[PDB]
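Student: Quick one: structure below, then a few questions.
Neighbour counts run over all protein chains shown; Cβ positions are idealised from the backbone, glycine included. Any read-out appearing in this document is the output of simple, stated calculations on the displayed coordinates, not a laboratory observation.
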Number of protein chains: 2
Amino acid sequence: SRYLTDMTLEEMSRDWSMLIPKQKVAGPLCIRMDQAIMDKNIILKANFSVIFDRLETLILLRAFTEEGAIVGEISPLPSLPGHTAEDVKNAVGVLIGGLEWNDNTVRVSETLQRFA
Amino acid sequence: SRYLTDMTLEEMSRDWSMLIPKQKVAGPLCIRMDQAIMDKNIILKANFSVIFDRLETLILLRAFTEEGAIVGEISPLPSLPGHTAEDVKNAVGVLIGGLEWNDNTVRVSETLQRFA
């Protein structure tokens, strides 16, 4: 019983577009990032469901340019196979990877690093 | 002039082609990899110049499918700025990253891991 956020409802409800789309499936999680993006300073805001006072399941992470532009996202698979912080942190390191590839400078919301 | 190798002259002298080309510049080093490649088992063979009995400079690393197919390569920049094992290991972790992205299963020549 709960849920936690870095992002605004807006930030999440919003829909977005990749010029150079890149999907992937990391076990129970779908990573996406626009490869067209370069030399920008990015951040990963994310929002986990919180159960009995602990970061449980990640609901949604997305990547933001300084300009509030969405450039990447990790969203649970529709079949919602139960996923672990591993599947996550893994998936994360990855998206970062893919992003860093374009000289992009990627930070992470305090929320996240916490985990674990 | 002394020097060490995993690859055959053939393997190195050879020229190759990327369906989905991906370049990058990692300080003094140019990484390349064909993003088109997927679900294959890859290995990184590399060849360092050896000075007074230590792995000094990397001359060339390339990535190989099981089928002896070249799919990625790290080659020093033409201007040959003196590079360090860092610039390297960095660059390496990267290429691996980029490769792993396509479900590719990437190994590394014993030579390499050695370093450092």
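Student: Among the residues of region A:61-88 satisfying the criterion of being among the aliphatic types (A, V, I, L, M) and in contact with a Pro (Cβ under 8 Å, 6 or more places away or on another chain), which is surrounded by the fewest Cβ atoms within 10 Å (Cβ to Cβ)?
Tutor: Going through the qualifying residues, I end up with A:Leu80.
Student: Only one of these conditions is not met by A:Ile42: (1) crowded, with 17+ Cβ neighbours inside 10 Å; (2) out of contact with any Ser or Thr (no Cβ under 8 Å at 6 or more places or on another chain); (3) touching a residue at least 60 places away in the same chain (Cβ under 8 Å). Which number is it?
Tutor: (2)
Student: Something else about it: Would you check if B:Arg114 is under 19 Å from B:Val50 (Cα atoms), more than 14 Å from every other protein chain (Cβ to nearest Cβ) and within 10 Å of the chain's Cα centre (by Cα)?
Tutor: Working: under 19 Å from B:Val50 (Cα atoms): yes; more than 14 Å from every other protein chain (Cβ to nearest Cβ): yes; within 10 Å of the chain's Cα centre (by Cα): no.
The answer is no for B:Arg114.
Student: Quick check: anything in region B:74-82 under 30 Å from A:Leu29 (Cα atoms), under 12 Å from the mean Cα position of the chain (by Cα) and not β-branched (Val, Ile, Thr)? Give the derivation first.
Tutor: Just the residues of region B:74-82 that are under 30 Å from A:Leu29 (Cα atoms), to begin with: none.
Within region B:74-82, none of the residues are under 30 Å from A:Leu29 (Cα atoms), under 12 Å from the mean Cα position of the chain (by Cα) and not β-branched (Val, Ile, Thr).
Student: Anything in region A:78-111 that is within 14 Å of chain B (Cβ to nearest Cβ) and of a type in the set (D, E, K, R)? List them, or say none.
Tutor: A:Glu100, A:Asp103
Student: Let me ask another. Could you please let me know if B:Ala36 is of a type in the set (A, V, I, L, M, F, W, C), in a loop (DSSP other than H, G, I, E, B) and out of contact with any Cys (no Cβ under 6 Å at 6 or more places or on another chain)?
Tutor: yes
Student: Can you tell me which residue is nearest to B:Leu77 (Cα to Cα) among those in region B:1-60 that are among the basic types (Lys, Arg) and over 11 Å from the mean Cα position of the chain (by Cα)? Walk me through it before giving the result.
Tutor: So the first thing to find is which residues in region B:1-60 are among the basic types (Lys, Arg), and the list is B:2, B:14, B:22, B:24, B:32, B:40, B:45, B:54.
Among the residues that remain, those that are also over 11 Å from the mean Cα position of the chain (by Cα) are: B:2, B:14, B:22, B:24, B:40, B:54.
Details: B:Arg2: 21, B:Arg14: 19, B:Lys22: 16, B:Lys24: 11, B:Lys40: 28, B:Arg54: 22 Å.
Taking the candidates together, the pick is B:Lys24.
Student: Next question. Give the residues of region B:18-33 that are in a strand (DSSP E or B) and either without any contact (Cβ under 8 Å) to a residue 24 or more places away in the chain or not basic (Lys, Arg) (or both), sorted by residue number.
Tutor: Passing the criteria: B:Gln23, B:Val25, B:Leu29, B:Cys30, B:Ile31, B:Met33.
Student: So the check is Cβ under 6 Å with 6+ separation or different chains; which pairs have a first residue in region B:62-84 that's over 15 Å from B:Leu19 (Cβ atoms) and a second one that's surrounded by 11 or more Cβ atoms within 10 Å (Cβ to Cβ) and among the polar types (S, T, N, Q)?
Tutor: Hits for this filter: B:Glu66/B:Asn41.
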